[PDB]
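A lone chain, given as structure tokens: the form deposited in one PDB entry.
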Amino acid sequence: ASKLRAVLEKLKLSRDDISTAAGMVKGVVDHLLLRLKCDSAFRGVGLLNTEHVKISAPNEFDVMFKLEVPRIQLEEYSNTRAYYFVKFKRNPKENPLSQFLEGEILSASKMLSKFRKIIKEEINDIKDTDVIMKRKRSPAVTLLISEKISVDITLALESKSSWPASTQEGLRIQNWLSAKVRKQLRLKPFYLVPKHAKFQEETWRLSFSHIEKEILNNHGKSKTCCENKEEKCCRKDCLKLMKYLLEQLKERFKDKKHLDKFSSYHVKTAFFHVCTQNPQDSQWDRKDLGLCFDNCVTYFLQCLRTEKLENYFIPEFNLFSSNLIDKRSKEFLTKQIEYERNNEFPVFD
């Protein structure tokens, strides 16, 4: 309760502390977009959220470029619910992405190659800052700025049509944020990013990287949640502590492999499931931070032990299935978390 608050305070002070890092990243990114926009395949390219995956690493940034693709035809791959072939409707007004077609199918490989190549050409043009490009270890392109700051650049396709049918029963926020809000969010665009399941096929994965911010900024059942003193909730703090718990555990055991397949979006997913289960703001009273954090831990442990964690958008996709993460890894993380809970969370210090 008091220990958790102190953890949150030290995290806050490093975030809010004076840093030239964001200015250096923006300068590099703005150069790239100008270079990409001159190219025929990428003239519509722009920034998605005009981010930090690790709270413990303030020099590591995550950036997403988006490209609008109108009249897109999506074909689900092998019933995976999340992976799709990208085809183009027969509306030929010269498609800018034709050079990436392999048949009727849009090739992620060929598109990333030319994105990669154009970026590489603008890197070796900038003289002010030293920018170093790493070699395709997806997640698309990783840059190194002044040997301290690192940026992962992801290329996403953007569609403004209705979300695919696999999402129909997801985003189960009706009893928490309202049916009206669920409708508003589902009018936003959706995104597609490269990579396949399990030979390599040219499939894209659905991406909803823009939804979390929308929820977190308007997260209460009450419209006035966290706008006054009588309605302060701990939802954002609990999510931060879950993300930091996993980070610290991945760092403690980084020389082993048992935690390599877990990442923040697993924690995000399980957190927002607890928000669905506990929709009222009184279930998230600031005074109950330690107890609320415990709900979240307990639910995440239940997910590990049962090997069931539904994607928040595509509920039939089990993030914790045997084919994606094996029993041994889930059993290892369970033991570490259970040890943390029973020892007043050592990792935080």
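Note that residue numbering begins at 1 and tracks the sequence as displayed. Between two forms, the rigid core is defined as the largest C-alpha subset superposing within 1.5 Å.
Between stretches 223-231 and 171-179, the one whose Cα atoms sit farther from the displayed model in 4 other deposited structures of this protein on average is 223-231 (core-aligned, root mean square). Annotation: of the segments 139-147 and 270-278, 139-147 departs further from this form in 4 other deposited structures of this protein (C-alpha atoms, root mean square over structures and residues, core superposition).
Among other deposited entries of this protein with both flanking residues present, none omit coordinates for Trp163; it is modelled throughout, well short of a third. Among the other PDB entries of this protein that were compared and that flank it with modelled residues, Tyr77 is modelled in all, so it is never left out in a third of them. Coordinates are given for every deposited residue between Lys236 and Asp237; the gap count there is zero.
The segment from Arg137 to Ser138 is interrupted, since 1 to 3 residues of the deposited sequence in that interval carry no coordinates. Two stretches are in play, 268-276 and 226-234, and the higher mean C-alpha B-factor belongs to 226-234. The mean Cα B-factor in the deposited entry runs higher for 110-118 than for the other of 110-118 and 240-248.
The PDB entry assigns the greatest CA B-factor among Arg205, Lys221, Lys89, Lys160 to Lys89. Among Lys180, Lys93, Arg172, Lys213, the highest C-alpha B-factor in the deposited entry belongs to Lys93. For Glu310, the recorded CA temperature factor ranks within the lowest third of the chain's modelled residues. Sorting the modelled residues of the chain by their CA temperature factor places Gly46 in the lowest third.
For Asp281, the recorded CA temperature factor ranks within the lowest third of the chain's modelled residues.
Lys195: CA B factor in the highest third of modelled residues in this chain (values from the PDB entry). The deposited CA B-factor of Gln184 belongs to the lowest third of values across its chain.
Beyond what is shown, the protein has a form solved in complex with a partner chain; the following relates to that form.
Between its partner chain and the residues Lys136, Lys256, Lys198, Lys183, the one pair within 4.5 Å by heavy atoms in the deposited bound form involves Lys183.
For the candidate set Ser109, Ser161, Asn124, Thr129, a heavy atom within 4.5 Å of its partner chain in the deposited bound form is found for exactly one residue, namely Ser161.
Proximity of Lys93 to its partner chain in the deposited bound form: non-hydrogen atoms within 4.5 Å are present. Among residues of the shown chain, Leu144 is not one whose heavy atoms approach its partner chain to within 4.5 Å in the deposited bound form. Residue contact check for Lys188: one or more of its heavy atoms lie within 4.5 Å of its partner chain in the deposited bound form. By the criterion of a heavy atom within 4.5 Å, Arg71 is counted among the residues contacting its partner chain in the deposited bound form.
Note on the interface: of 258-266, 153-161, 240-248, 75-83, the segment with non-hydrogen atoms within 4.5 angstroms of its partner chain in the deposited bound form is 153-161.
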